[PDB]
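Before any comments, here is the structure.
Number of protein chains: 2
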Amino acid sequence: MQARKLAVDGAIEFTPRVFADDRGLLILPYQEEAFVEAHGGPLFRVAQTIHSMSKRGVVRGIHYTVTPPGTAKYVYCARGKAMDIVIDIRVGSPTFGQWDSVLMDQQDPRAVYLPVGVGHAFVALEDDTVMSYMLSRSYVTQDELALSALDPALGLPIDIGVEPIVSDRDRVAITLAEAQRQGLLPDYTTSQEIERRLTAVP
Amino acid sequence: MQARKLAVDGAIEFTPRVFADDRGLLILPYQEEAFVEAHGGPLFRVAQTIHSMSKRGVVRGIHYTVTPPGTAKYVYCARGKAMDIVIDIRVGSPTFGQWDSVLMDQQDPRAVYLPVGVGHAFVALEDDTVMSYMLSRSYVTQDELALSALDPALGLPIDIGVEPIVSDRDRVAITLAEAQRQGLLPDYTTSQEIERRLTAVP
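Those sequence lines, one after another, are chains B and A.
Its first residue numbered 1, the first sequence is counted upward by one per residue in the entry's author numbering.
Its first residue numbered 1, the second sequence is counted upward by one per residue in the entry's author numbering.
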């Protein structure tokens with residue numbers, strides 16, 4: 001497994017080796033040793049997993065959790081192809097306002113660790129695209145917020161030659177800048193404090 | 001999410017609700033609230049995850065970890081269709097020698113919790129069948145053992161109309177009864193002690 005630090009502080013891209021034989025294939029998308037090497041502590045205790053399947057051109061996001069309590073996540077594409085996007089919405093971060101993207105396909109699988117306090121989005125590049133997540137806390141509707149993924153200011157890589165397919169909840173989301181002004185974005189220091197507790201060595 | 005106790009003591013089948021809209025589908029395969037209600041404590045800390053893809057007719061198993069240290073697992077089928085099998089190989093268990101099966105498909109997805117010390121096998125019923133696992137311990141070859149899935153004493157449902165595709169290691173694995181005589185099986189009391197430690201509350 002190889003790890004590569006992303007441009008959003010603390011986010012990490014993991015590239016597992018793909019093992020093949022006459023029965024099929026195997027990857028180990030999350031590995032404690034590689035994870036600790038790159039992050040400095042183990043994964044958060046897992047509270048919930050997600051399996052989402054999307055049609056081509058679907059854009060989901062930008063999603064984040066009110067912080068505190070916040071949520072850290074670990075995601076990979078288990079079927080199909082996605083452009084995964086991490087957006088740094090943590091006020092005070094050295095990379096605040098920046099985003100980075102990871103192409104996730106089945107030939108060269110990659111997983112991404114999303115720190116507490118960051119935003120997540122993706123676009124499905126094929127039908128039947130499955131995004132598989134581990135989360136540090138169960139989804140609580142009241143704590144789950146969104147930002148506009150289509151915000152021309154951000155210029156996310158979510159246009160693939162078709163009209164983006166977006167839920168009304170994601171479509172009506174306020175922009176990063178509006179959320180900042182309203183005091184709705186996570187604080188970087190607070191997010192790192194929470195993250196350090198979630199990923200502490202037991 | 002609904003939980004159902006399987007015939008192997010401690011193994012549990014979870015059935016998540018499938019949410020659908022014009023973008024696709026979503027399930028939450030692992031949910032802490034439901035899991036804690038059914039098992040009595042939260043999932044083990046996740047040491048490693050697995051993404052295994054198999055051709056139709058592949059039979060993997062029966063697999064278990066030398067105990068101690070043992071491995072507990074949580075598994076679901078993320079693509080394709082599998083007959084998932086849990087086999088109670090724990091000497092001293094009240095359900096020793098029994099097995100149960102869970103049909104894992106994309107229409108009515110089900111996940112299974114496998115206690116420490118049990119055996120696991122499955123048959124892929126479609127090509128490109130993906131089995132997705134969370135494990136309590138990283139896979140160590142020397143600690144990973146096999147039992148015969150074709151054992152006439154068990155009568156596992158693993159022949160589906162094509163010649164089974166089986167690794168050489170699985171093909172020559174000894175039977176459960178023979179492994180018992182040889183002293184190679186997990187002990188139930190030991191297994192339960194490890195499981196209690198892994199899944200303790202706070």
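Note that CB positions come from ideal geometry on N, CA and C, so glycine has one too.
For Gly24/A, at least one C-beta of chain B is nearer than 8 Å to its own C-beta.
For the region 45 to 63 of chain B, the set of positions with a beta-carbon nearer than 8 Å to some beta-carbon of chain A reads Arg45, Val46, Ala47, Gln48, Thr49, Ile50, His51, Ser52, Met53, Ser54, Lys55, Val58 and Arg60 in chain order. Burial is judged here by how many other beta carbons sit within 10 angstroms of a residue's own beta carbon; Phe122/A has at least 16 and is buried. Per DSSP, the continuous alpha helix (DSSP H) segment holding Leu176/B begins and ends at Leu176 to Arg181. If the five residues before and after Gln106/B are omitted, its C-beta is found closer than 8 Å to the C-beta atoms of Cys77, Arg79, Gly80 and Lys81, all from its own chain and listed in chain order.
Sixteen is the threshold: when 16 or more other Cβ atoms of the shown chains lie within 10 Å of the Cβ of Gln48/B, as they do, the residue is buried.
Counting C-beta atoms within 10 angstroms of its own C-beta, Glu33/B has fewer than 16 neighbours from the protein chains shown and is therefore classed as exposed.
Sorting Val201/B, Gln192/B, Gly61/B and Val36/B by C-alpha distance to the C-alpha of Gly117/B places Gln192/B at the top.
With a beta-carbon spacing of about 7 Å, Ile194/A and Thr67/A fall inside the 8 Å limit used to define contacts. With distances taken between CA atoms, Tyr133/A lies nearest to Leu43/A out of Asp143/A, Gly10/A and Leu43/A.
The beta carbon of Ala7/B sits closer than 7 Å to those of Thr95, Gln98 and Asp100, all from its chain and outside the five residues before and after it, given in chain order.
Shown here, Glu13/B sits in a strand according to DSSP, grouped into three states. Contact between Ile12/A and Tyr113/A holds: their C-beta atoms lie close to 5 Å from each other, under 8 Å. As the crow flies, the alpha-carbon of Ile160/B is around 25 Å from that of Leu145/B.
Residues of the region 116 to 144 of chain A that bring their beta carbon within less than 7 Å of a beta carbon in chain B comprise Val130, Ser132, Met134 and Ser138, in sequence order.
Checking the DSSP bridge columns, you'll see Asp21/B partnered with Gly24/B. At a Cβ-Cβ threshold of 8 Å, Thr189/A and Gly92/A count as neighbours. Collapsing the DSSP output to three states places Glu33/B in a helix. In this chain, the beta strand (DSSP E) harbouring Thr129/A covers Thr129 to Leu135. Beta-carbon to beta-carbon, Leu25/B and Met53/A are separated by about 5 Å, close enough to satisfy the 8 Å threshold. Assignment of beta-bridge partners to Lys5/A by DSSP yields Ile12/A. With a cutoff of 8 Å on beta-carbon distance, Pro109/B and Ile50/B are scored as not near each other. By the C-beta density criterion, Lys5/B is exposed, having fewer than 16 other C-beta atoms within 10 angstroms.
The alpha-carbon of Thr129/B is positioned some 27 Å away from that of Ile165/A. Interface criterion not met: the Cβ of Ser93/B is under 8 Å from no Cβ in chain A. Within the DSSP secondary-structure output, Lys73/B pairs in a beta bridge with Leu114/B and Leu135/B. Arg60/A counts as buried, since at least 16 other C-beta atoms from the protein chains shown sit within 10 angstroms of its C-beta. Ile89/B and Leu156/B do not touch by the CB rule: their CB atoms are close to 13 Å apart, not below 8 Å. Rounded to the nearest angstrom, the Cβ distance from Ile62/A to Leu147/A is 4 Å, consistent with a contact under 8 Å.
Scanning chain A for C-beta atoms nearer than 7 Å to the C-beta of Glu32/B yields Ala47, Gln48 and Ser138, reported in chain order. For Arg110/A, there are no neighbours in chain B by C-beta distance under 8 Å, as the nearest C-beta there is about 12 Å away.
Within the same chain, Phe44, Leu114, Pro115, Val116, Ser136, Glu195 and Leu198 come within 7 Å of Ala72/A by CB-CB distance, once the 5 residues on both sides are set aside.
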